[PDB]
$ cat target31.pdb   # PDB, C-alpha atoms
ATOM      1  CA  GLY A  36     -28.321  -9.657 -31.682
ATOM      2  CA  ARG A  37     -31.060 -11.128 -33.928
ATOM      3  CA  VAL A  38     -31.758  -9.212 -37.153
ATOM      4  CA  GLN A  39     -34.266 -10.002 -39.773
ATOM      5  CA  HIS A  40     -35.146  -8.353 -43.175
ATOM      6  CA  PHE A  41     -38.539  -7.875 -44.901
ATOM      7  CA  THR A  42     -39.408  -6.339 -48.294
ATOM      8  CA  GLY A  43     -42.849  -4.908 -48.968
ATOM      9  CA  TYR A  44     -44.854  -2.602 -51.140
ATOM     10  CA  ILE A  45     -47.221   0.154 -50.038
ATOM     11  CA  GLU A  46     -50.286   0.859 -52.370
ATOM     12  CA  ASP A  47     -53.763   2.385 -51.617
ATOM     13  CA  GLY A  48     -52.889   3.297 -47.985
ATOM     14  CA  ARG A  49     -52.753  -0.342 -46.948
ATOM     15  CA  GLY A  50     -50.018  -0.575 -44.365
ATOM     16  CA  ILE A  51     -48.445  -3.885 -43.460
ATOM     17  CA  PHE A  52     -48.347  -5.505 -40.001
ATOM     18  CA  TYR A  53     -45.585  -7.767 -38.619
ATOM     19  CA  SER A  54     -46.069 -10.003 -35.545
ATOM     20  CA  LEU A  55     -43.456 -10.067 -32.770
ATOM     21  CA  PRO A  56     -44.669 -12.999 -30.590
ATOM     22  CA  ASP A  57     -43.313 -13.723 -27.084
ATOM     23  CA  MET A  58     -41.371 -10.448 -26.564
ATOM     24  CA  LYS A  59     -39.926 -10.205 -23.032
ATOM     25  CA  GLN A  60     -39.777  -7.175 -20.794
ATOM     26  CA  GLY A  61     -36.511  -5.393 -21.258
ATOM     27  CA  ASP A  62     -35.912  -6.614 -24.790
ATOM     28  CA  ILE A  63     -35.108  -3.717 -27.159
ATOM     29  CA  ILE A  64     -36.677  -3.630 -30.604
ATOM     30  CA  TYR A  65     -34.873  -1.646 -33.321
ATOM     31  CA  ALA A  66     -36.522  -0.968 -36.630
ATOM     32  CA  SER A  67     -35.400   0.865 -39.760
ATOM     33  CA  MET A  68     -37.639   1.237 -42.813
ATOM     34  CA  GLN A  69     -36.164   2.683 -46.064
ATOM     35  CA  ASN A  70     -37.699   3.599 -49.323
ATOM     36  CA  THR A  71     -36.371   1.187 -52.055
ATOM     37  CA  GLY A  72     -38.505   2.529 -54.958
ATOM     38  CA  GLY A  73     -41.270   5.040 -55.760
ATOM     39  CA  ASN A  74     -42.092   8.210 -53.744
ATOM     40  CA  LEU A  75     -42.742   6.330 -50.453
ATOM     41  CA  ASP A  76     -42.192   8.454 -47.292
ATOM     42  CA  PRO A  77     -41.996   5.732 -44.579
ATOM     43  CA  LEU A  78     -43.954   5.596 -41.339
ATOM     44  CA  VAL A  79     -42.896   2.821 -38.891
ATOM     45  CA  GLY A  80     -44.604   2.113 -35.584
ATOM     46  CA  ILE A  81     -44.936  -0.435 -32.809
ATOM     47  CA  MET A  82     -47.992  -1.348 -30.788
ATOM     48  CA  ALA A  83     -49.152  -4.183 -28.447
ATOM     49  CA  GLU A  84     -52.544  -5.331 -29.938
ATOM     50  CA  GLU A  85     -53.028  -4.855 -33.704
ATOM     51  CA  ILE A  86     -55.181  -1.719 -34.344
ATOM     52  CA  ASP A  87     -55.624  -0.133 -37.843
ATOM     53  CA  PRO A  88     -53.994   3.303 -38.358
ATOM     54  CA  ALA A  89     -55.888   3.652 -41.690
ATOM     55  CA  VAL A  90     -59.068   4.826 -39.909
ATOM     56  CA  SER A  91     -57.552   7.660 -37.787
ATOM     57  CA  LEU A  92     -54.961   8.657 -40.492
ATOM     58  CA  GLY A  93     -57.803   8.736 -43.059
ATOM     59  CA  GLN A  94     -59.512  11.340 -40.845
ATOM     60  CA  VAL A  95     -56.265  13.477 -40.869
ATOM     61  CA  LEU A  96     -56.386  13.384 -44.726
ATOM     62  CA  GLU A  97     -59.895  14.917 -44.726
ATOM     63  CA  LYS A  98     -59.045  17.784 -42.463
ATOM     64  CA  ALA A  99     -58.662  21.317 -43.820
ATOM     65  CA  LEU A 100     -54.899  21.757 -43.388
ATOM     66  CA  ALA A 101     -53.200  24.967 -44.503
ATOM     67  CA  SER A 102     -49.578  24.102 -43.672
ATOM     68  CA  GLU A 103     -46.987  21.502 -42.732
ATOM     69  CA  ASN A 104     -47.151  22.790 -39.057
ATOM     70  CA  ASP A 105     -50.950  22.014 -38.990
ATOM     71  CA  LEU A 106     -50.281  18.553 -40.558
ATOM     72  CA  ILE A 107     -47.437  17.734 -38.041
ATOM     73  CA  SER A 108     -49.831  18.750 -35.166
ATOM     74  CA  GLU A 109     -52.725  16.499 -36.353
ATOM     75  CA  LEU A 110     -50.529  13.596 -37.331
ATOM     76  CA  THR A 111     -48.633  13.599 -34.073
ATOM     77  CA  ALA A 112     -51.821  13.673 -31.976
ATOM     78  CA  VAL A 113     -53.143  10.602 -33.889
ATOM     79  CA  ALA A 114     -49.824   8.638 -34.066
ATOM     80  CA  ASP A 115     -49.030   9.234 -30.326
ATOM     81  CA  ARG A 116     -52.418   7.701 -29.537
ATOM     82  CA  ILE A 117     -52.220   4.721 -31.998
ATOM     83  CA  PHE A 118     -48.573   3.697 -31.434
ATOM     84  CA  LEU A 119     -46.466   2.857 -28.349
ATOM     85  CA  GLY A 120     -43.530   4.162 -30.416
ATOM     86  CA  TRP A 121     -43.296   5.566 -33.979
ATOM     87  CA  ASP A 122     -41.215   7.509 -36.502
ATOM     88  CA  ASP A 123     -41.704   8.919 -39.916
ATOM     89  CA  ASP A 124     -39.231  10.575 -42.313
ATOM     90  CA  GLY A 125     -40.693  14.108 -41.808
ATOM     91  CA  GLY A 126     -41.451  13.976 -45.556
ATOM     92  CA  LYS A 127     -37.702  14.435 -46.301
ATOM     93  CA  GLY A 128     -35.580  11.505 -45.023
ATOM     94  CA  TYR A 129     -37.008   8.507 -47.030
ATOM     95  CA  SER A 130     -35.926   6.481 -43.985
ATOM     96  CA  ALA A 131     -37.621   6.029 -40.618
ATOM     97  CA  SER A 132     -36.089   4.415 -37.546
ATOM     98  CA  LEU A 133     -37.303   3.448 -34.127
ATOM     99  CA  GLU A 134     -35.899   2.076 -30.836
ATOM    100  CA  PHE A 135     -38.396   0.661 -28.348
ATOM    101  CA  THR A 136     -37.934  -1.057 -24.990
ATOM    102  CA  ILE A 137     -40.553  -3.794 -24.459
ATOM    103  CA  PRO A 138     -42.472  -2.728 -21.235
ATOM    104  CA  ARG A 139     -44.110  -6.128 -20.534
ATOM    105  CA  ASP A 140     -44.070  -9.718 -21.815
ATOM    106  CA  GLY A 141     -46.402 -10.275 -24.761
ATOM    107  CA  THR A 142     -47.042 -10.125 -28.493
ATOM    108  CA  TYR A 143     -46.257  -6.839 -30.231
ATOM    109  CA  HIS A 144     -46.863  -5.659 -33.777
ATOM    110  CA  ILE A 145     -44.729  -3.520 -36.088
ATOM    111  CA  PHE A 146     -46.599  -1.359 -38.628
ATOM    112  CA  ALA A 147     -44.851  -0.364 -41.897
ATOM    113  CA  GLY A 148     -46.670   2.165 -44.043
ATOM    114  CA  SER A 149     -46.715   5.597 -45.571
ATOM    115  CA  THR A 150     -46.768   8.841 -43.681
ATOM    116  CA  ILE A 151     -48.833  11.837 -44.949
ATOM    117  CA  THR A 152     -47.040  14.568 -46.886
ATOM    118  CA  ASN A 153     -47.741  17.390 -49.320
ATOM    119  CA  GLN A 154     -46.449  16.967 -52.899
ATOM    120  CA  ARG A 155     -48.315  19.849 -54.657
ATOM    121  CA  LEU A 156     -47.177  23.448 -55.359
ATOM    122  CA  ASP A 157     -50.709  24.593 -56.345
ATOM    123  CA  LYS A 158     -52.127  24.142 -52.758
ATOM    124  CA  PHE A 159     -51.338  22.395 -49.475
ATOM    125  CA  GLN A 160     -53.337  19.114 -49.899
ATOM    126  CA  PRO A 161     -51.340  16.230 -48.373
ATOM    127  CA  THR A 162     -51.781  12.546 -49.331
ATOM    128  CA  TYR A 163     -50.189   9.175 -48.766
ATOM    129  CA  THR A 164     -47.158   8.006 -50.817
ATOM    130  CA  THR A 165     -46.559   4.642 -52.583
ATOM    131  CA  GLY A 166     -43.607   2.342 -53.290
ATOM    132  CA  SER A 167     -41.363  -0.422 -52.030
ATOM    133  CA  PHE A 168     -39.433  -0.592 -48.807
ATOM    134  CA  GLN A 169     -36.954  -2.691 -46.870
ATOM    135  CA  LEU A 170     -37.780  -3.164 -43.231
ATOM    136  CA  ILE A 171     -34.969  -4.219 -40.891
ATOM    137  CA  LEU A 172     -35.905  -5.486 -37.434
ATOM    138  CA  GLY A 173     -33.427  -6.019 -34.619
ATOM    139  CA  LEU A 174     -34.000  -7.701 -31.279
ATOM    140  CA  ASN A 175     -31.210  -6.459 -28.929
ATOM    141  CA  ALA A 176     -29.289  -5.634 -32.151
ATOM    142  CA  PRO A 177     -28.457  -1.854 -31.984
ATOM    143  CA  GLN A 178     -26.467  -1.997 -35.290
ATOM    144  CA  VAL A 179     -29.899  -1.858 -37.087
ATOM    145  CA  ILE A 180     -30.330   1.901 -36.349
ATOM    146  CA  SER A 181     -26.695   2.667 -37.433
ATOM    147  CA  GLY A 182     -27.410   1.355 -40.987
ATOM    148  CA  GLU A 183     -25.826  -2.080 -40.431
ATOM    149  CA  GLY A 184     -28.740  -4.289 -41.513
ATOM    150  CA  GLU A 185     -26.958  -7.714 -41.985
ATOM    151  CA  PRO A 186     -29.404 -10.572 -40.962
ATOM    152  CA  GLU A 187     -28.344 -12.791 -38.028
ATOM    153  CA  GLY A 188     -29.577 -15.279 -35.410
ATOM    154  CA  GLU A 189     -33.031 -16.905 -35.270
ATOM    155  CA  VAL A 190     -36.202 -15.273 -36.689
ATOM    156  CA  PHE A 191     -38.491 -13.458 -34.181
ATOM    157  CA  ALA A 192     -40.996 -11.767 -36.533
ATOM    158  CA  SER A 193     -43.316 -12.636 -39.433
ATOM    159  CA  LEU A 194     -45.946 -11.049 -41.704
ATOM    160  CA  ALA A 195     -49.178 -10.543 -39.626
TER     161      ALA A 195
END
$ encode --input "target31.pdb" --output "structure tokens"
Amino acid sequence: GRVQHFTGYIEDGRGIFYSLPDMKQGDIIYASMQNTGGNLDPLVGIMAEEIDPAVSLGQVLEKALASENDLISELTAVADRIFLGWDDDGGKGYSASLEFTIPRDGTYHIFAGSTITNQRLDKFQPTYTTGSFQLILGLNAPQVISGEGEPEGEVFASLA
């Protein structure tokens, strides 16, 4: 197992990308992203080539949404398209975790950002959240998704 820690801050819907160069088929990536301050509801994803979720998620934010069921439907359609694998905290966990088996050799990217949730009692008008997080990445290190984040072995990821 190789485990590696990152700290970041989410403002203005600017998610952060992390590069995973030279991943090999069959490697398993584990990621956990926890809120460490502010109202941040984490969204963690993995993709092959770096694409920007801000564009498609921005379009979800404009939609006329009447309920959490409508939001889950739109968000899922977008996220399933954008990411090879993803997880959010359902607007309740403040922690998001993912397990992903690398399908082919290559460079992958982890995205750490905010999901979309409703925070108002006066209407259902969801928005992004803001705050700090700790992102734990594991390469064949399953202890990451059991809450055992201790860093170990050589680095395999960096800020993209």
$ resolve_selection --input "target31.pdb" --expression "the PyMOL selection byres ((chain A and resi 168-171) around 6)" --output "list in words"
residues 39, 40, 41, 42, 43, 66, 67, 68, 69, 70, 71, 167 and 172 of chain A
$ resolve_selection --input "target31.pdb" --expression "the PyMOL selection byres ((chain A and resi 181-188) around 8)" --output "PyMOL selection string"
chain A and resi 36-40+171+177-180+189-190
$ resolve_selection --input "target31.pdb" --expression "the PyMOL selection byres ((chain A and resi 135-141) around 12)" --output "PyMOL selection string"
chain A and resi 54-67+79-84+118-122+132-134+142-145+172-177+180
$ atom_distance --input "target31.pdb" --atom1 "CA of residue 156 (chain A)" --atom2 "CA of residue 105 (chain A)"
16.9 Å
$ atom_distance --input "target31.pdb" --atom1 "CA of residue 94 (chain A)" --atom2 "CA of residue 158 (chain A)"
19.0 Å
$ atom_distance --input "target31.pdb" --atom1 "CA of residue 194 (chain A)" --atom2 "CA of residue 152 (chain A)"
26.2 Å
$ closest_residue --input "target31.pdb" --among "A:53, A:195, A:110, A:72" --to "residue 166 (chain A)" --atoms "all atoms listed in the file"
A:72
$ residues_around --input "target31.pdb" --residues "residue 102 (chain A)" --least-positions-apart "5" --cutoff "12 Å" --atoms "all atoms listed in the file" --output "list in words"
residues 107, 108, 109, 152, 153, 155, 156, 158, 159, 160 and 161 of chain A
$ closest_residue --input "target31.pdb" --among "A:101, A:147, A:117, A:92" --to "residue 50 (chain A)" --atoms "only C-alpha atoms"
A:147
$ residues_around --input "target31.pdb" --residues "residue 151 (chain A)" --least-positions-apart "4" --cutoff "10 Å" --atoms "all atoms listed in the file" --output "number ranges by chain"
A: 48, 75-78, 92-93, 95-96, 106-107, 110, 123, 125-126, 160-164
$ closest_residue --input "target31.pdb" --among "A:165, A:100, A:52, A:47" --to "residue 193 (chain A)" --atoms "all atoms listed in the file"
A:52
$ decode --input "target31.pdb" --residues "region 155-194 of chain A" --atoms "N, CA and C atoms" --output "PDB file, in the first residue's frame"
ATOM      1  N   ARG A 155     -31.624  25.962   1.902  1.00  0.00           N
ATOM      2  CA  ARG A 155     -32.678  26.934   2.214  1.00  0.00           C
ATOM      3  C   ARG A 155     -34.027  26.308   2.568  1.00  0.00           C
ATOM      4  N   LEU A 156     -34.708  26.862   3.583  1.00  0.00           N
ATOM      5  CA  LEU A 156     -36.048  26.397   3.972  1.00  0.00           C
ATOM      6  C   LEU A 156     -37.134  27.167   3.224  1.00  0.00           C
ATOM      7  N   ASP A 157     -36.778  28.318   2.614  1.00  0.00           N
ATOM      8  CA  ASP A 157     -37.772  29.188   1.972  1.00  0.00           C
ATOM      9  C   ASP A 157     -38.131  28.780   0.528  1.00  0.00           C
ATOM     10  N   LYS A 158     -37.356  27.850  -0.057  1.00  0.00           N
ATOM     11  CA  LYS A 158     -37.517  27.272  -1.396  1.00  0.00           C
ATOM     12  C   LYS A 158     -36.442  26.222  -1.638  1.00  0.00           C
ATOM     13  N   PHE A 159     -36.639  25.389  -2.656  1.00  0.00           N
ATOM     14  CA  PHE A 159     -35.624  24.403  -3.020  1.00  0.00           C
ATOM     15  C   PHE A 159     -34.793  25.052  -4.146  1.00  0.00           C
ATOM     16  N   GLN A 160     -33.625  25.615  -3.782  1.00  0.00           N
ATOM     17  CA  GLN A 160     -32.723  26.313  -4.716  1.00  0.00           C
ATOM     18  C   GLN A 160     -31.298  25.874  -4.362  1.00  0.00           C
ATOM     19  N   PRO A 161     -30.852  24.731  -4.876  1.00  0.00           N
ATOM     20  CA  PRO A 161     -29.530  24.221  -4.455  1.00  0.00           C
ATOM     21  C   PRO A 161     -28.347  25.049  -4.976  1.00  0.00           C
ATOM     22  N   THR A 162     -27.202  24.931  -4.295  1.00  0.00           N
ATOM     23  CA  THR A 162     -25.981  25.653  -4.659  1.00  0.00           C
ATOM     24  C   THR A 162     -24.808  24.756  -4.311  1.00  0.00           C
ATOM     25  N   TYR A 163     -23.629  25.240  -4.620  1.00  0.00           N
ATOM     26  CA  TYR A 163     -22.388  24.617  -4.181  1.00  0.00           C
ATOM     27  C   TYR A 163     -22.192  24.937  -2.681  1.00  0.00           C
ATOM     28  N   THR A 164     -21.178  24.293  -2.084  1.00  0.00           N
ATOM     29  CA  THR A 164     -20.760  24.524  -0.702  1.00  0.00           C
ATOM     30  C   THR A 164     -19.269  24.910  -0.754  1.00  0.00           C
ATOM     31  N   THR A 165     -18.746  25.446   0.352  1.00  0.00           N
ATOM     32  CA  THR A 165     -17.365  25.926   0.440  1.00  0.00           C
ATOM     33  C   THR A 165     -16.686  25.434   1.739  1.00  0.00           C
ATOM     34  N   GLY A 166     -15.365  25.342   1.706  1.00  0.00           N
ATOM     35  CA  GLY A 166     -14.619  24.949   2.891  1.00  0.00           C
ATOM     36  C   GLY A 166     -13.363  24.179   2.604  1.00  0.00           C
ATOM     37  N   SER A 167     -12.735  23.674   3.674  1.00  0.00           N
ATOM     38  CA  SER A 167     -11.508  22.904   3.522  1.00  0.00           C
ATOM     39  C   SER A 167     -11.792  21.402   3.564  1.00  0.00           C
ATOM     40  N   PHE A 168     -10.858  20.641   3.023  1.00  0.00           N
ATOM     41  CA  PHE A 168     -10.982  19.215   3.017  1.00  0.00           C
ATOM     42  C   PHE A 168      -9.628  18.567   3.178  1.00  0.00           C
ATOM     43  N   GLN A 169      -9.656  17.284   3.515  1.00  0.00           N
ATOM     44  CA  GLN A 169      -8.479  16.420   3.495  1.00  0.00           C
ATOM     45  C   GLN A 169      -8.835  15.333   2.510  1.00  0.00           C
ATOM     46  N   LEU A 170      -7.948  15.128   1.563  1.00  0.00           N
ATOM     47  CA  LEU A 170      -8.104  14.107   0.552  1.00  0.00           C
ATOM     48  C   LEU A 170      -7.034  13.067   0.793  1.00  0.00           C
ATOM     49  N   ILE A 171      -7.462  11.808   0.948  1.00  0.00           N
ATOM     50  CA  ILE A 171      -6.572  10.677   1.168  1.00  0.00           C
ATOM     51  C   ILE A 171      -6.681   9.793  -0.042  1.00  0.00           C
ATOM     52  N   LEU A 172      -5.532   9.543  -0.692  1.00  0.00           N
ATOM     53  CA  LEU A 172      -5.434   8.663  -1.845  1.00  0.00           C
ATOM     54  C   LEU A 172      -4.604   7.436  -1.507  1.00  0.00           C
ATOM     55  N   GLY A 173      -5.118   6.292  -1.911  1.00  0.00           N
ATOM     56  CA  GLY A 173      -4.465   5.004  -1.717  1.00  0.00           C
ATOM     57  C   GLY A 173      -4.314   4.285  -3.036  1.00  0.00           C
ATOM     58  N   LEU A 174      -3.151   3.694  -3.238  1.00  0.00           N
ATOM     59  CA  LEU A 174      -2.860   2.908  -4.427  1.00  0.00           C
ATOM     60  C   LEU A 174      -2.601   1.509  -3.871  1.00  0.00           C
ATOM     61  N   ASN A 175      -3.582   0.602  -4.081  1.00  0.00           N
ATOM     62  CA  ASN A 175      -3.596  -0.772  -3.552  1.00  0.00           C
ATOM     63  C   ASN A 175      -3.477  -0.735  -2.013  1.00  0.00           C
ATOM     64  N   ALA A 176      -4.122   0.279  -1.409  1.00  0.00           N
ATOM     65  CA  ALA A 176      -4.133   0.508   0.029  1.00  0.00           C
ATOM     66  C   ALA A 176      -5.608   0.607   0.487  1.00  0.00           C
ATOM     67  N   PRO A 177      -6.288  -0.564   0.669  1.00  0.00           N
ATOM     68  CA  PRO A 177      -7.721  -0.547   1.036  1.00  0.00           C
ATOM     69  C   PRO A 177      -8.065   0.101   2.368  1.00  0.00           C
ATOM     70  N   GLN A 178      -7.084   0.213   3.298  1.00  0.00           N
ATOM     71  CA  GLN A 178      -7.293   0.866   4.604  1.00  0.00           C
ATOM     72  C   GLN A 178      -7.799   2.320   4.467  1.00  0.00           C
ATOM     73  N   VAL A 179      -7.546   2.971   3.306  1.00  0.00           N
ATOM     74  CA  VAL A 179      -8.017   4.346   3.057  1.00  0.00           C
ATOM     75  C   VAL A 179      -9.565   4.459   3.218  1.00  0.00           C
ATOM     76  N   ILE A 180     -10.320   3.493   2.675  1.00  0.00           N
ATOM     77  CA  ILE A 180     -11.787   3.608   2.727  1.00  0.00           C
ATOM     78  C   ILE A 180     -12.385   2.999   4.020  1.00  0.00           C
ATOM     79  N   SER A 181     -11.525   2.655   5.002  1.00  0.00           N
ATOM     80  CA  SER A 181     -11.956   2.174   6.318  1.00  0.00           C
ATOM     81  C   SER A 181     -11.664   3.258   7.390  1.00  0.00           C
ATOM     82  N   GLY A 182     -11.120   4.400   6.940  1.00  0.00           N
ATOM     83  CA  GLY A 182     -10.823   5.552   7.791  1.00  0.00           C
ATOM     84  C   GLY A 182      -9.439   5.536   8.402  1.00  0.00           C
ATOM     85  N   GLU A 183      -8.556   4.687   7.845  1.00  0.00           N
ATOM     86  CA  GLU A 183      -7.168   4.534   8.260  1.00  0.00           C
ATOM     87  C   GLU A 183      -6.338   5.223   7.179  1.00  0.00           C
ATOM     88  N   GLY A 184      -6.160   6.534   7.349  1.00  0.00           N
ATOM     89  CA  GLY A 184      -5.484   7.400   6.389  1.00  0.00           C
ATOM     90  C   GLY A 184      -3.977   7.556   6.453  1.00  0.00           C
ATOM     91  N   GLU A 185      -3.282   6.979   7.467  1.00  0.00           N
ATOM     92  CA  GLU A 185      -1.817   7.071   7.647  1.00  0.00           C
ATOM     93  C   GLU A 185      -1.000   7.027   6.316  1.00  0.00           C
ATOM     94  N   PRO A 186      -0.176   8.072   6.021  1.00  0.00           N
ATOM     95  CA  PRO A 186       0.610   8.066   4.764  1.00  0.00           C
ATOM     96  C   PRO A 186       1.726   7.033   4.786  1.00  0.00           C
ATOM     97  N   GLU A 187       1.991   6.402   3.629  1.00  0.00           N
ATOM     98  CA  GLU A 187       3.010   5.359   3.509  1.00  0.00           C
ATOM     99  C   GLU A 187       3.482   5.151   2.071  1.00  0.00           C
ATOM    100  N   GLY A 188       4.684   4.598   1.930  1.00  0.00           N
ATOM    101  CA  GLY A 188       5.292   4.322   0.632  1.00  0.00           C
ATOM    102  C   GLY A 188       5.578   5.565  -0.196  1.00  0.00           C
ATOM    103  N   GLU A 189       5.994   5.361  -1.466  1.00  0.00           N
ATOM    104  CA  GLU A 189       6.329   6.486  -2.341  1.00  0.00           C
ATOM    105  C   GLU A 189       5.106   7.170  -2.933  1.00  0.00           C
ATOM    106  N   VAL A 190       5.213   8.498  -3.139  1.00  0.00           N
ATOM    107  CA  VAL A 190       4.178   9.345  -3.734  1.00  0.00           C
ATOM    108  C   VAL A 190       3.819   8.859  -5.150  1.00  0.00           C
ATOM    109  N   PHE A 191       2.539   9.021  -5.534  1.00  0.00           N
ATOM    110  CA  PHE A 191       2.041   8.556  -6.838  1.00  0.00           C
ATOM    111  C   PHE A 191       1.105   9.589  -7.455  1.00  0.00           C
ATOM    112  N   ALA A 192       0.826  10.666  -6.702  1.00  0.00           N
ATOM    113  CA  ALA A 192      -0.068  11.739  -7.131  1.00  0.00           C
ATOM    114  C   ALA A 192       0.464  13.129  -6.788  1.00  0.00           C
ATOM    115  N   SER A 193       0.012  14.134  -7.533  1.00  0.00           N
ATOM    116  CA  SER A 193       0.371  15.526  -7.255  1.00  0.00           C
ATOM    117  C   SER A 193      -0.736  16.445  -7.733  1.00  0.00           C
ATOM    118  N   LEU A 194      -0.708  17.699  -7.286  1.00  0.00           N
ATOM    119  CA  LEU A 194      -1.655  18.732  -7.707  1.00  0.00           C
ATOM    120  C   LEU A 194      -1.536  18.896  -9.252  1.00  0.00           C
TER     121      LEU A 194
END
